[PDB]
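In structure tokens, the next block holds one chain alone, the form deposited in one PDB entry.
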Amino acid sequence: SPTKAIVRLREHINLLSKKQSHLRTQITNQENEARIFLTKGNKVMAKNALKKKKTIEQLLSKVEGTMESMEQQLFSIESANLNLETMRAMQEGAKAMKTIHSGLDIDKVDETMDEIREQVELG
């Protein structure tokens, strides 16, 4: 069911979201270590810290990408659902109007009967 899917996608995004914040935190921490090392020490350590930071960034980009794909799917479903609603309503409105086209124009008992009568008589 569509409702089931929407819930899964939303919950899934939530999880990815939790991960995104964690990843962001790691990125800042690593950058900070790089800053202090540049002071209380050797570059090499700083360079190493930055490289780590980059790989944490690339992983984040992927987390973000999965989220982006998921978000797109939600939009496509939410959009599709609306269209269905439009179609049903449009379908419903046609039925209502049909009952109207009937009205008393078709509810002409004499016209119908005579027609039936002639065919009987016609044999």
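All residue numbers are counted from 1 along the displayed sequence. For the two forms, the rigid core is made up of the largest set of C-alpha atoms that agree within 1.5 Å on superposition.
Although it is not shown, the form deposited in another entry is what the next lines describe.
Inset, instruction - Classify residue 104 as shifted (yes) or not shifted (no) between the shown form and the other one, where shifted means its C-alpha moves by 2 Å or more with the rigid core superposed. - result: The answer is yes, as the C-alpha of residue 104 shifts between the shown form and the other one by 2 Å or more after core alignment.
Inset, instruction - Taking the rigid core as the superposition reference, indicate whether the CA of residue 8 shifts 2 angstroms or more between the shown form and the other one. - result: It does not reach a 2 Å shift.
Inset, instruction - Check residue 87 against residue 106 at the C-alpha atoms and report closer or farther in the other form, compared with the shown form; the change is 3 Å or more. - result: Between the C-alphas of residue 106 and residue 87, the gap widens in the other form (3 Å or more compared with this form).
Legend entry - Distance trend in the other form - C-alpha atoms of residue 101 and residue 113, change of 3 Å or more: Closer in the other form, by 3 Å or more.
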